[PDB]
């Protein structure tokens, strides 16, 4: 009758794939903390966020956008951040096409959109939805829900396989998923080429529900920050594509929130269906949120100055 920690793991890949690399880690977490740690999977990232909102998920590995939603809607708090095994300070979003495709660039895709099928990402994905949503779509005034022959919304792994198998022409993806696919399904990775790469996205945070007990919070902090001390733990980390965990907080999300608001604002400005007053009202509201955010960001950068 040892207390249970439900650990949410976002659907970047199939649960079967995730278990093979997550189970050794959760077993170590169980041993070190004295809790029974059980994986919580879902079909999409929303399942983890909503699970946390109703206290079915205690702690989770999220991407940055899902962490933002968890903080805003699911009583979440960031306490740690993953660091790439390579030492990279983050990862990147990709657009992928099949190696046989004549689409070889963002311009080729946009120029030919009406003839193409597009695999968009999970709507709570940073690399799969938000990042390309802004840099590829909003900035170029092309709406993925209208521009293509057909669109889908799928996990990273489902998009990669759909492009590999010639079911979708272009899809969103990311560099961490690519490395994983290269390991688990090299025959599929061999069918893929990268036609676009985003700016750097910061490392994924770990988030807990803020009503977790003090004892659980403290033992979890101790576990994450001390992990990687020996060969066994180093192997676990490497298989998860990490080198270590470091301390973080909700302010990790400030630039993510900025990108989210840049996207929403540009999407509203681009929307030719809106009336003059309806548009002006929405943009005023969004610009006030951006002003408040950028003041907070300025405060944080100036305290690092002085």
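Numbering follows the first chain given and starts at 1.
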Subject >> Higher-scoring stretch by recorded Cα B factor average, 225-233 or 158-166 >> reply: 225-233
Original post:
On average, which has the higher Cα B-factor in the deposited entry, 44-52 or 26-34?
Top reply: 26-34
Original post:
Out of 140, 93, 125, 213, which residue has the highest Cα temperature factor in the PDB record?
Top reply: 213
Original post:
Between 69, 250, 267, 277, which carries the biggest CA temperature factor in the record?
Top reply: 277
**OP:** Rank-wise, by C-alpha B-factor, drop residue 179 into the lowest, middle or highest third of its chain.
**Re:** middle
Subject >> Entry-reported Cα temperature factor of residue 112, expressed as the chain third it lands in >> reply: highest
**OP:** State the tercile, meaning the lowest, middle or highest third, of residue 100 with respect to the CA B-factors recorded for its chain.
**Re:** highest
**OP:** Within this chain's modelled residues, let me know which third the CA B factor of residue 145 belongs to: lowest, middle or highest.
**Re:** highest
Original post:
Relative to the other modelled residues in the chain, which third contains the C-alpha temperature factor of residue 281: lowest, middle or highest?
Top reply: highest
